[PDB]
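Protein chains: 2
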Amino acid sequence: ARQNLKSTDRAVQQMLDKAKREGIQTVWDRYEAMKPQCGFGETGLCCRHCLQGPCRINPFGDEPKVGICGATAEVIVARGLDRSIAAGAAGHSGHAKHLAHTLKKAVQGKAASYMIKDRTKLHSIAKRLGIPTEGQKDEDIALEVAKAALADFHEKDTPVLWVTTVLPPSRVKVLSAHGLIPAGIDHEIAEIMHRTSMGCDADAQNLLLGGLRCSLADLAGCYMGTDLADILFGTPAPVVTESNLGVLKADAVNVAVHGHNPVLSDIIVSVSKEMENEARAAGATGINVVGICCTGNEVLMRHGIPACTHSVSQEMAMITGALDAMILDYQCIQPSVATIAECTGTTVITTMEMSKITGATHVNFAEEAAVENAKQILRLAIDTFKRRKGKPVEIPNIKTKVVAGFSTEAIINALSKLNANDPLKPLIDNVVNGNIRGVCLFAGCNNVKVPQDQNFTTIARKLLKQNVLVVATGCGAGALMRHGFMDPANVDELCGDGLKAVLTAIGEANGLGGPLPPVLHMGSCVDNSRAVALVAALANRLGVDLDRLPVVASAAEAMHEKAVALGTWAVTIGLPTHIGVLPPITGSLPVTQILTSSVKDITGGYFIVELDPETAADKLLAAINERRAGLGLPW
Amino acid sequence: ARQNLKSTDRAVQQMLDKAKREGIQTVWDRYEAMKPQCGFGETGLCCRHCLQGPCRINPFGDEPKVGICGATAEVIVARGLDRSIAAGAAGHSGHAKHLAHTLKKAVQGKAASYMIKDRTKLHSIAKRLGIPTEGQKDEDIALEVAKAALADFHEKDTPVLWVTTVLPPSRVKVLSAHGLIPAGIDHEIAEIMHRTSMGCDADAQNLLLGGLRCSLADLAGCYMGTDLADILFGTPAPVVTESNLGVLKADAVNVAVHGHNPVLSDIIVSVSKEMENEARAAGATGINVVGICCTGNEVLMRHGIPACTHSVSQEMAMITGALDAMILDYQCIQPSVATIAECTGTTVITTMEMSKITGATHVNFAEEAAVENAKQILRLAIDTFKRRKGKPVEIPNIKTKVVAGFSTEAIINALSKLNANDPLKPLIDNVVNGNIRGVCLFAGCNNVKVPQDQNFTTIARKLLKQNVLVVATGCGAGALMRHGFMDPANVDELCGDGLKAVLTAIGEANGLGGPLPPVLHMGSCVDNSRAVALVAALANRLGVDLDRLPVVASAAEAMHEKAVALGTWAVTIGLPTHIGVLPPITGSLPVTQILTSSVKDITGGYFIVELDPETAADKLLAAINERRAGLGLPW
Ligand code: SF4
Ligand code: SF4
Ligand code: FES
Ligand code: FES
Ligand SMILES: [Fe+2]
Ligand SMILES: [Fe+2]
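So the sequences go chain by chain: X and X'. A prime marks a further copy of an entry chain. PDB author numbering puts the first residue of the first sequence at 2, with every later residue one more than the last. PDB author numbering puts the first residue of the second sequence at 2, with every later residue one more than the last.
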């Protein structure tokens, strides 16, 4: 098998050869077994919203042409998309809610393993929300902030403040005029599920406006999740680490944190340091915590924990034979890990009541007992390391250097070395003079349909040569880090002269003797909210709305319902938004036209659906350059 | 075409012949055009929860055997079912929320068309919730009740009170021990959507326990909806009216209220009386308001408005040519009505922001302007009546007599004529002595897959001959009313001797000179909560839990996601629950076994999946008789 048709990651290719030798089925094998996939589902022309279904509609030809209840193709496609947006929002609802409850418990004395680590961020959030700080104890300000977070999940006398207080007033006014501001996060999720149920909303424009509103409930949960995680665990600052399977160490207890929530992984990191002698008594050098997916990004950004792998290739970390434990909370975990564990020795451990996998070991993890729960979990890992005394392992000797930790606060601080009292101005100056053509955010998943990382790297290379400032989160950041895009040594090879000049000027002012890295890692998927904060701050400084800025987004290999919600709120806040896999919309030309064209007249953003990455890069550059022209700039 | 293969309703058959002559496509034609339907969807073996899909699994044979991410058949089936339960709960969330906001506005002086009509019910609800009434103004008690209703949608320091205060403590304890009490209505909906999204919950038992909990959030919304509608519009008492298409009148302005919420239909009823002279000036005898679906049930139960038709046959009311307006809010409205209106003359009017249909006229309906909005709507209806001056219409001369209005309060009052201070005892006495074998609730929809009404009438006939007390709601009540099961003149033909003796004794004590009807109509689908209140009161009076009572439920022709949620909470509160159409579970034997067997060990209820109605009746009788035996009674 030509493994570069499956992944462009050479460590993943090596593990794919090992999996094939050993007869271990992978995600790529399960994909091949699924082909050809159902074209009704691929196009969006299938509905199972009642027990008269399944209903399908032929994309072309003869009957069936309409659902049994009379639902048209437009209605069926829009309802399916809306449910995907609601499901993404629900994942960020649970994540943010988790952190809100943890902060509340911490300041009520009920969870002593947690505390206010970033007091400055706590006070700035309180100020943004309108919560008074003068004369108040930190623990009382934090209680108020946690209560406000919980209140945004339901209707109240204000709209969702993690929308209205984080976008410029001009953008809030545009959205309010179209009825798009969410009333409550879980309120919107429930209204979507209602209006898309049988015999309810059946007008594509009305349905899609509901979808835009629910996508802003997802943005709110992301921004809430970042705000709360920064309070509890610290705002990221620049860090240096490594990525790819070579960060595993045959002689250590290798423990992957995988899933999403730092409430769990951050404690694993600190406890693992305390249990080092306990690990050495078992014959290991220590506990080697490594990251997979977003929770790996969280501990990479805050602590420099090296990233082992991401998304589609997560099983490969197990195939090395050296992964002693995989510690899970929720989201983006292939349930195949539980069965592969049987073959690879790995102990897969779930920790959250609503996210169990048959055949995994479950260790309930309560914030009230976090340290005790973490020691129980890590002792299972040490037990597993001892069982592989004497077995060979195959860890590919492949890793990259990763400079990361570029929270919005960190970026503003780095820029402030060039202009202390007007930190955004050096960035804007270089946009205006052409040294920075625009900004592109790469975000979202890998997807087995796309050779892993190929779209992220192909599009990133073309944009960097054209002097685009590239930022990245989630498994987009994972794709770019595993291919060297976060190593400043690659600036000369990857970047246009103008962008290199800017990256070098900023880095030298930060005492680096070298540039910032080619791509700025802004964190996890909830940390797409950080990109929003940066873009909104640039909008505010310029006095224009986000739909006038030369800023675009690319979910180049999207997979999860969260990525659909992300793409939709990127459009709703005003960005040209590329998606590099087909969402289930092509069976309705009216819906496609709304999402790629007429929504421009509502929010100023729009989707760019393009599966060829070189063409996608051209289209993203055209969108950036159209925004430049609209500001009167050369391009 | 043999129209009795489509519907057992003879008025519907006549309209099917008219539709065929005129070339108007119906729901049955769209069903035929859909056959054969997709077997992956029929069995539940399809997943579209991420953009790597669609994934399918062959029920038998070779690959594909597992989803791309590793999701097994058990996980895929359970996740799809859970989303259907969440969607049903969301429909009842929106309905109940609507009423809560209306009550709040009414007592805040913001909606003068609405008021506290049932002060006794207001005070009993407040007492059940723990809200003090002594020394308080009604408007303040009502504000507190509305605030408590809204609070149950989100997490707080108590669980959902419209669950914990409406079931016996012993049942609440059983549910709490299994972690099944909902924390908040919209909270549970969002948690379902999260845990069923890609890479989250992947254990069938864990997923299904989440589904049971979310089904109790649906029960809460139903019970909240009934409680609030009774406060605002009056608790039903016995009423006499008629049903079927013959209630339309060629010489009147015929206006159907269709959908769910009495906030709209109840005002239509009162305003239509005030506009009678305005209608006579246009040449009509008056405005003839008729009911379709649940909102028709609501105004039938409270005002005796005749029911025109239900569920699957709703288009047929338009085919008569005499339907001048169809006034819609949300749920169970076939969107085909908007296109059929073009051919039939009918003015289809939507009124709710989240439920529009392309091609219908939209008239926003604000509770603050209810009377003004209703007059605008009814004036469109009068305009339409005038346009059919001189056209022939074909109204089948087919109707039945319907005695209805059996709220739980009404049933208790009727029984109190036999035992004033212990009203449930005469019912229990007749259960014990065999005159009443048990109780069966028929509920839920019609479904185009089943000849309309055939399962409801076939099963009801067999149970009535075996002396089962039969109660009904929703389109189950609609099916039974359109076939004469709500006419006391049919008691001798339909009922066993024991049941006839009881129905006659109760009716004679109520001054009727005749029995109660063969089937007691307990109202709309939210009014399945009334059946809960009756059964819980019987449990309390006997000192046993609901899973010991000889009470069963039958969703004999289920369709909507709401009906899946209903069947699941009937199981969760302890009832043997028949479903007469295949839910998408047969592709997983483990899930089927949980839902039909091992859940007995958790909640004491269980599903009975049986598509043959004579066999279903036997199985329901066996379940009733097993409960009789468990109480030591003859059967
Ligand atoms: S909602 Fe309409 S289109 Fe969807 S399954 Fe039911 S009948 Fe078919
Ligand atoms: S969640 Fe798993 S099973 Fe479902 S579509 Fe995605 S890959 Fe397939
Ligand atoms: S027909 Fe294949 S996704 Fe439904
Ligand atoms: S394959 Fe037909 S419902 Fe998906
Ligand atoms: Fe993620
Ligand atoms: Fe209904």
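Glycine included, each C-beta is placed from N, C-alpha and C at the ideal position.
Check	Outcome
Residues in the stretch 282-302 of chain X' having any Cβ partner in chain X nearer than 7 Å	none
Cβ-heavy atom distance, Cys-333(X) to ligand 5, below 6 Å	yes
Endpoints, the alpha helix (DSSP H) within which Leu-176(X') is located	170-178
Distance cut-off 6 Å: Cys-526(X') Cβ against heavy atoms of ligand 6	yes
DSSP-derived helix/strand/coil call for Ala-152(X)	helix
7 Å Cβ cutoff met for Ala-323(X') and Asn-255(X')	yes
Neighbour flag for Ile-69(X) against chain X', beta carbons, 7 Å	yes
Touching by the beta-carbon criterion (3+ pairs, under 8 Å), the stretch 55-72 of chain X and the stretch 160-177 of chain X'	no
Any chain X beta carbon closer than 7 Å to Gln-38(X')	yes
Beta carbon proximity, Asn-448(X') to chain X, threshold 7 Å	yes
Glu-562(X), enclosing alpha helix (DSSP H) - first and last residue	562-573
Contact the stretch 222-234 of chain X vs the stretch 88-100 of chain X: 3+ CB pairs below 8 Å	yes
Ligand 2 heavy atom lying under 6 Å from the CB of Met-199(X')	yes
Secondary structure, alpha helix (DSSP H): runs of 4+ residues fully inside the stretch 32-60 of chain X	40-44
Residues within the stretch 89-118 of chain X neighbouring chain X', beta-carbon criterion of under 7 Å	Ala-91, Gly-92, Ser-94 and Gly-95
8 Å Cβ shell around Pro-65(X) - same chain, five flanking residues per side excluded	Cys-56, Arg-57, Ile-58 and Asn-59
Three CB pairs or more closer than 8 Å across the stretch 433-452 of chain X and the stretch 465-485 of chain X	yes
Which listed residue (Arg-49(X'), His-579(X'), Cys-441(X') and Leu-596(X')) has its alpha carbon closest to that of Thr-616(X')	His-579(X')
CB-CB length for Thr-348(X) against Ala-326(X), believed under 8 Å	5 Å
Under the three-state DSSP convention, the category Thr-197(X) falls into	coil
Identity of the residue in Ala-556(X), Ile-132(X), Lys-122(X) and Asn-456(X) nearest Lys-7(X) by Cα	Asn-456(X)
Continuous alpha helix (DSSP H) stretch holding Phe-386(X): start and end	371-388
Proximal residues to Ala-559(X') (C-beta, below 6 Å), its chain only, five neighbours per side dropped	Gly-445, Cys-446, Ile-580 and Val-582
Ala-184(X) in three-state terms, based on DSSP	coil
Given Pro-263(X') as reference, the closest of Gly-292(X'), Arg-49(X') and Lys-274(X') once Cα atoms are compared	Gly-292(X')
Closer than 7 Å: residues whose CB approaches a heavy atom of ligand 1	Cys-48(X), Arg-49(X), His-50(X), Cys-51(X), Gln-53(X), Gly-54(X), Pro-55(X), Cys-56(X), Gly-68(X), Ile-69(X), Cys-70(X), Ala-72(X), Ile-77(X) and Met-199(X)
Residue 679(X) versus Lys-106(X') - alpha carbon distance	For residue 679(X) there is no data in the structure shown, the boundaries of chain X being 2 and 636.
Beta-carbon spacing of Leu-521(X), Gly-508(X) below 7 Å	no
Sequence ranges, alpha helix (DSSP H) only - wholly within the stretch 590-636 of chain X, length at least 4	590-594, 601-604 and 614-631
6 Å CB neighbourhood of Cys-476(X) in its chain, flanking five on each side removed	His-311, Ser-312, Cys-446 and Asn-447
Ligand 5 heavy atom lying under 6 Å from the CB of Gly-222(X)	no
Runs of beta strand (DSSP E) wholly within the stretch 465-529 of chain X (minimum 3 residues, chain order)	470-474 and 520-524
Alpha carbon of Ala-230(X) to alpha carbon of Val-432(X'), nearest angstrom	60 Å
N- and C-terminal bounds of the beta strand (DSSP E) containing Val-256(X')	254-259
Distance cut-off 6 Å: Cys-295(X') Cβ against heavy atoms of ligand 5	no
Per DSSP, cross-strand counterpart(s) of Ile-288(X')	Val-254(X')
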